[PDB]
Amino acid sequence: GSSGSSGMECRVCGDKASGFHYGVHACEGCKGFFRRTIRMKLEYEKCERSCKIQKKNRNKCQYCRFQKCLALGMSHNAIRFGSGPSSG
Ligand SMILES: [Zn+2]
Ligand SMILES: [Zn+2]
């Protein structure tokens with residue numbers, strides 16, 4: 002098909018977006034990564050190369066990926082909302 006598209010598309014990678022997520026319309030894939038990096042509080046080394054998160058190559062760079070999310074304006078102080086009761 003590879004035909005045109007009439008709707009919303011991810012802002013991180015580009016692939017069709019699932020909907021409004023953290024202010025930015027991200028897809029299931031990207032979204033997952035972001036949240037994960039938060040809930041897990043994982044860190045990454047500064048990637049000077051400043052790779053470019055694209056659909057064809059999404060799982061290319063980690064740092065850049067997480068960065069792009071922040072640049073777009075991904076709300077980090079939102080993850081904490083309606084969650085299962087876990088050992089506090
Ligand atoms: Zn995406
Ligand atoms: Zn990179």
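Quick note: the sequence shown uses our numbering, first residue 2, plus one each step.
C-beta atoms are modelled at their ideal positions from N, C-alpha and C, and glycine is treated no differently.
- Distance from the CA of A79 to the CA of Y23, rounded to the nearest whole angstrom, comes to 7 Å.
- In this structure, DSSP gives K57 a state outside helix and strand, which the three-state scheme calls coil.
- The beta carbon of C48 is closer than 7 Å to those of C62, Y64 and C65 in its chain, skipping five residues each way along the sequence.
- Counting only runs that start and end inside the segment 8 to 84, the alpha helix (DSSP H) elements of at least 4 residues fall at 29 to 40 and 64 to 73.
- Rounded to the nearest angstrom, the Cβ distance from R59 to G30 is 6 Å, consistent with a contact under 8 Å.
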